[PDB]
>>> print(open('target-v3.cif').read())   # mmCIF, N, CA and C atoms
data_upload
#
loop_
_atom_site.label_atom_id
_atom_site.label_comp_id
_atom_site.auth_asym_id
_atom_site.auth_seq_id
_atom_site.Cartn_x
_atom_site.Cartn_y
_atom_site.Cartn_z
N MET P 1 -9.91 16.62 1.74
CA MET P 1 -9.94 16.04 3.07
C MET P 1 -8.61 16.25 3.78
N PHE P 2 -8.59 15.87 5.05
CA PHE P 2 -7.39 16.01 5.86
C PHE P 2 -6.81 17.42 5.74
N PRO P 3 -7.09 18.25 6.79
CA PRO P 3 -6.61 19.62 6.81
C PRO P 3 -5.12 19.66 7.14
N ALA P 4 -4.82 19.70 8.43
CA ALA P 4 -3.44 19.74 8.88
C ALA P 4 -2.54 19.16 7.80
N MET P 5 -2.89 17.96 7.36
CA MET P 5 -2.12 17.28 6.33
C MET P 5 -1.68 18.26 5.24
N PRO P 6 -0.70 17.80 4.42
CA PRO P 6 -0.18 18.62 3.34
C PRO P 6 -1.17 18.69 2.18
N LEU P 7 -1.52 17.51 1.68
CA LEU P 7 -2.46 17.42 0.57
C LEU P 7 -3.06 16.01 0.53
N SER P 8 -4.28 15.94 0.01
CA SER P 8 -4.97 14.67 -0.09
C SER P 8 -6.12 14.78 -1.10
N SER P 9 -5.77 15.21 -2.30
CA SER P 9 -6.76 15.36 -3.35
C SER P 9 -6.07 15.42 -4.72
N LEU P 10 -5.95 14.25 -5.33
CA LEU P 10 -5.31 14.16 -6.64
C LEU P 10 -4.85 12.72 -6.87
N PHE P 11 -4.66 12.00 -5.77
CA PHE P 11 -4.23 10.62 -5.84
C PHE P 11 -4.52 9.88 -4.54
N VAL P 12 -4.68 10.66 -3.48
CA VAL P 12 -4.96 10.10 -2.17
C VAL P 12 -6.47 10.11 -1.93
N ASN P 13 -7.09 8.97 -2.16
CA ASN P 13 -8.52 8.83 -1.98
C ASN P 13 -8.80 8.12 -0.65
N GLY P 14 -8.17 8.63 0.40
CA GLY P 14 -8.33 8.05 1.72
C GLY P 14 -7.04 8.16 2.53
N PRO P 15 -5.90 7.86 1.84
CA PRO P 15 -4.60 7.92 2.49
C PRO P 15 -4.15 9.37 2.68
N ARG P 16 -2.84 9.54 2.81
CA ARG P 16 -2.27 10.86 2.99
C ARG P 16 -1.70 11.38 1.67
N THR P 17 -0.41 11.14 1.49
CA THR P 17 0.27 11.58 0.28
C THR P 17 0.51 10.39 -0.66
N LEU P 18 -0.28 9.34 -0.45
CA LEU P 18 -0.17 8.15 -1.26
C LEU P 18 -0.96 8.34 -2.55
N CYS P 19 -1.09 7.25 -3.30
CA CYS P 19 -1.82 7.28 -4.55
C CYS P 19 -3.21 6.69 -4.32
N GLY P 20 -3.61 6.69 -3.06
CA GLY P 20 -4.91 6.16 -2.68
C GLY P 20 -4.79 4.73 -2.16
N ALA P 21 -5.63 4.41 -1.19
CA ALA P 21 -5.62 3.08 -0.59
C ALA P 21 -5.93 2.05 -1.68
N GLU P 22 -6.37 2.54 -2.82
CA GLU P 22 -6.70 1.67 -3.93
C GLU P 22 -5.66 0.56 -4.07
N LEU P 23 -4.44 0.98 -4.38
CA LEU P 23 -3.35 0.03 -4.54
C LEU P 23 -3.33 -0.93 -3.35
N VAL P 24 -3.84 -0.44 -2.23
CA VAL P 24 -3.89 -1.24 -1.01
C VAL P 24 -4.93 -2.34 -1.18
N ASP P 25 -6.09 -1.95 -1.68
CA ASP P 25 -7.17 -2.89 -1.89
C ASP P 25 -6.78 -3.88 -2.99
N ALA P 26 -5.75 -3.50 -3.74
CA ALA P 26 -5.27 -4.33 -4.83
C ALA P 26 -4.59 -5.57 -4.24
N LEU P 27 -3.57 -5.32 -3.43
CA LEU P 27 -2.83 -6.41 -2.80
C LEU P 27 -3.81 -7.34 -2.09
N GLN P 28 -4.80 -6.73 -1.44
CA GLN P 28 -5.80 -7.49 -0.71
C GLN P 28 -6.90 -7.97 -1.67
N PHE P 29 -6.89 -7.39 -2.86
CA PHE P 29 -7.88 -7.74 -3.87
C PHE P 29 -7.66 -9.17 -4.36
N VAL P 30 -6.40 -9.55 -4.44
CA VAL P 30 -6.05 -10.89 -4.90
C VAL P 30 -5.84 -11.80 -3.69
N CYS P 31 -5.46 -11.18 -2.58
CA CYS P 31 -5.23 -11.92 -1.35
C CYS P 31 -6.53 -11.94 -0.55
N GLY P 32 -7.34 -10.91 -0.77
CA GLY P 32 -8.61 -10.79 -0.08
C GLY P 32 -9.13 -9.35 -0.13
N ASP P 33 -10.12 -9.14 -0.98
CA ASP P 33 -10.72 -7.83 -1.13
C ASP P 33 -10.80 -7.15 0.24
N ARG P 34 -10.84 -7.98 1.28
CA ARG P 34 -10.92 -7.48 2.64
C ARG P 34 -10.18 -6.14 2.75
N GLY P 35 -9.15 -6.00 1.94
CA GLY P 35 -8.36 -4.78 1.95
C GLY P 35 -7.05 -4.98 2.71
N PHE P 36 -5.95 -4.63 2.05
CA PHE P 36 -4.64 -4.76 2.65
C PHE P 36 -3.96 -3.40 2.79
N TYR P 37 -2.77 -3.42 3.38
CA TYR P 37 -2.01 -2.20 3.58
C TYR P 37 -0.88 -2.08 2.55
N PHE P 38 0.27 -1.64 3.03
CA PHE P 38 1.43 -1.47 2.17
C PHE P 38 2.72 -1.77 2.92
N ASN P 39 3.53 -0.73 3.07
CA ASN P 39 4.80 -0.87 3.77
C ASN P 39 4.56 -0.77 5.28
N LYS P 40 4.17 -1.89 5.86
CA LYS P 40 3.91 -1.94 7.29
C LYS P 40 5.09 -2.61 8.00
N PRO P 41 5.91 -1.76 8.68
CA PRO P 41 7.07 -2.26 9.40
C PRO P 41 6.65 -2.95 10.70
N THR P 42 5.68 -3.84 10.57
CA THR P 42 5.18 -4.58 11.72
C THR P 42 6.34 -4.94 12.66
N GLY P 43 6.79 -6.18 12.54
CA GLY P 43 7.88 -6.66 13.37
C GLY P 43 8.92 -5.56 13.60
N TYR P 44 9.70 -5.30 12.57
CA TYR P 44 10.73 -4.27 12.65
C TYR P 44 11.06 -3.72 11.26
N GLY P 45 11.23 -2.41 11.20
CA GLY P 45 11.54 -1.75 9.95
C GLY P 45 12.43 -2.63 9.07
N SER P 46 13.68 -2.76 9.48
CA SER P 46 14.63 -3.58 8.74
C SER P 46 14.53 -5.04 9.19
N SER P 47 13.35 -5.61 8.99
CA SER P 47 13.11 -6.99 9.37
C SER P 47 11.77 -7.46 8.81
N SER P 48 11.70 -7.50 7.48
CA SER P 48 10.48 -7.93 6.81
C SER P 48 10.79 -8.30 5.36
N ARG P 49 9.96 -9.18 4.82
CA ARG P 49 10.14 -9.62 3.44
C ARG P 49 10.57 -8.45 2.56
N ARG P 50 11.79 -8.56 2.05
CA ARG P 50 12.34 -7.52 1.20
C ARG P 50 11.23 -6.89 0.35
N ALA P 51 10.70 -5.78 0.85
CA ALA P 51 9.64 -5.08 0.15
C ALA P 51 9.57 -3.64 0.65
N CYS P 52 8.35 -3.13 0.74
CA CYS P 52 8.13 -1.77 1.21
C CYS P 52 8.71 -0.81 0.16
N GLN P 53 10.03 -0.76 0.11
CA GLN P 53 10.71 0.11 -0.83
C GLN P 53 9.95 0.14 -2.16
N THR P 54 9.26 -0.95 -2.44
CA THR P 54 8.49 -1.06 -3.67
C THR P 54 7.14 -0.35 -3.52
N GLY P 55 7.16 0.72 -2.75
CA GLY P 55 5.95 1.49 -2.52
C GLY P 55 4.84 1.09 -3.50
N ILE P 56 4.06 0.11 -3.08
CA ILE P 56 2.97 -0.38 -3.91
C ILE P 56 2.02 0.78 -4.23
N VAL P 57 2.29 1.91 -3.60
CA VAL P 57 1.48 3.10 -3.82
C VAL P 57 2.30 4.15 -4.57
N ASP P 58 3.50 4.38 -4.07
CA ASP P 58 4.39 5.35 -4.68
C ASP P 58 5.24 4.66 -5.75
N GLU P 59 5.45 3.37 -5.55
CA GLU P 59 6.24 2.59 -6.48
C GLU P 59 5.34 2.01 -7.58
N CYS P 60 4.07 1.89 -7.25
CA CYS P 60 3.10 1.36 -8.20
C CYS P 60 2.68 2.49 -9.14
N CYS P 61 2.47 3.66 -8.56
CA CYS P 61 2.07 4.82 -9.33
C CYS P 61 3.27 5.28 -10.16
N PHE P 62 4.45 5.08 -9.60
CA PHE P 62 5.68 5.47 -10.27
C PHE P 62 6.22 4.33 -11.13
N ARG P 63 6.26 3.15 -10.54
CA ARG P 63 6.75 1.97 -11.24
C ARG P 63 5.58 1.09 -11.68
N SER P 64 5.13 1.33 -12.90
CA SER P 64 4.03 0.57 -13.45
C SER P 64 3.96 -0.81 -12.79
N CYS P 65 3.09 -0.92 -11.80
CA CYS P 65 2.92 -2.17 -11.08
C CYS P 65 1.44 -2.54 -11.11
N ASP P 66 1.10 -3.41 -12.06
CA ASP P 66 -0.27 -3.86 -12.21
C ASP P 66 -0.72 -4.56 -10.92
N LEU P 67 -1.42 -5.67 -11.11
CA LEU P 67 -1.91 -6.43 -9.97
C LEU P 67 -0.93 -7.57 -9.67
N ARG P 68 -0.02 -7.79 -10.60
CA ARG P 68 0.98 -8.83 -10.44
C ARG P 68 1.82 -8.58 -9.19
N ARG P 69 2.16 -7.32 -8.99
CA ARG P 69 2.96 -6.93 -7.84
C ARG P 69 2.15 -7.08 -6.56
N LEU P 70 1.00 -6.41 -6.53
CA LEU P 70 0.13 -6.46 -5.38
C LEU P 70 -0.02 -7.92 -4.92
N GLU P 71 -0.01 -8.81 -5.90
CA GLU P 71 -0.15 -10.23 -5.61
C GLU P 71 1.15 -10.78 -5.02
N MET P 72 2.26 -10.20 -5.46
CA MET P 72 3.56 -10.62 -4.98
C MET P 72 3.72 -10.32 -3.49
N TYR P 73 3.49 -9.07 -3.14
CA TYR P 73 3.60 -8.64 -1.76
C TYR P 73 2.54 -9.31 -0.89
N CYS P 74 1.53 -9.85 -1.56
CA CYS P 74 0.44 -10.52 -0.86
C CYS P 74 0.77 -10.55 0.63
N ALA P 75 1.10 -9.37 1.15
CA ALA P 75 1.44 -9.25 2.56
C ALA P 75 0.16 -9.33 3.40
N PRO P 76 0.31 -9.88 4.63
CA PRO P 76 -0.82 -10.02 5.53
C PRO P 76 -1.20 -8.67 6.15
N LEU P 77 -2.28 -8.10 5.64
CA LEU P 77 -2.75 -6.81 6.13
C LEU P 77 -2.51 -6.72 7.63
N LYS P 78 -2.32 -5.50 8.10
CA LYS P 78 -2.08 -5.26 9.51
C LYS P 78 -3.22 -4.43 10.09
N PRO P 79 -4.27 -5.15 10.57
CA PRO P 79 -5.43 -4.48 11.15
C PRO P 79 -5.11 -3.95 12.54
N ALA P 80 -5.64 -2.77 12.82
CA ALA P 80 -5.42 -2.14 14.12
C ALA P 80 -6.46 -1.04 14.33
N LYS P 81 -6.67 -0.26 13.28
CA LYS P 81 -7.64 0.83 13.34
C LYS P 81 -7.67 1.55 11.99
N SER P 82 -7.54 0.76 10.93
CA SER P 82 -7.55 1.31 9.59
C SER P 82 -8.32 2.63 9.57
N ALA P 83 -9.63 2.51 9.73
CA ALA P 83 -10.49 3.69 9.73
C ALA P 83 -10.16 4.56 10.94
#
>>> encode(input="target-v3.cif", output="structure tokens")
Amino acid sequence: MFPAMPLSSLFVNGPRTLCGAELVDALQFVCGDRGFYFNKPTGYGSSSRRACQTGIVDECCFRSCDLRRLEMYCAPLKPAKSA
């Protein structure tokens, strides 16, 4: 999927170069299967609960982060136009 894009087949099952929105549904899985996001610089990049850097997708795939983490960031999904 996603042409222009660089790649999206090996870990990105919906996202771009992520490890799949899966990890996303994880954070929202405990907070609400509804589905959550990740590093969303809503307010302001350098102005949010010390996180993001913990790429729940790149940091989860890289830094063994079970569901305990996803639960930690239990960040409030940022709906706008997911799909």
>>> residues_around(input="target-v3.cif", residues="range 66-74 of chain P", least_positions_apart="2", cutoff="7 Å", atoms="only C-alpha atoms", output="list in words")
residues 26, 27, 28, 30, 31, 56, 64 and 76 of chain P
>>> closest_residue(input="target-v3.cif", among="P:22, P:49, P:13, P:62", to="residue 36 in chain P", atoms="only C-alpha atoms")
P:22
>>> residues_around(input="target-v3.cif", residues="residue 17 in chain P", least_positions_apart="4", cutoff="7 Å", atoms="all atoms listed in the file", output="list in words")
residues 7, 8, 11 and 12 of chain P
>>> select_by_dssp(input="target-v3.cif", residues="chain P", states="alpha helix (DSSP H)", output="list in words")
residues 22, 23, 24, 25, 26, 27, 28, 29, 30, 31, 32, 58, 59, 60, 61, 62, 67, 68, 69, 70, 71, 72 and 73 of chain P
>>> resolve_selection(input="target-v3.cif", expression="the PyMOL selection byres (((chain P and resi 40-42 and name CA) around 10) and name CA)", output="MDAnalysis selection string")
chainID P and resid 37:39 43:49 51:52 75:78
>>> atom_distance(input="target-v3.cif", atom1="atom N of residue 54 in chain P", atom2="CA of residue 3 in chain P")
27.6 Å
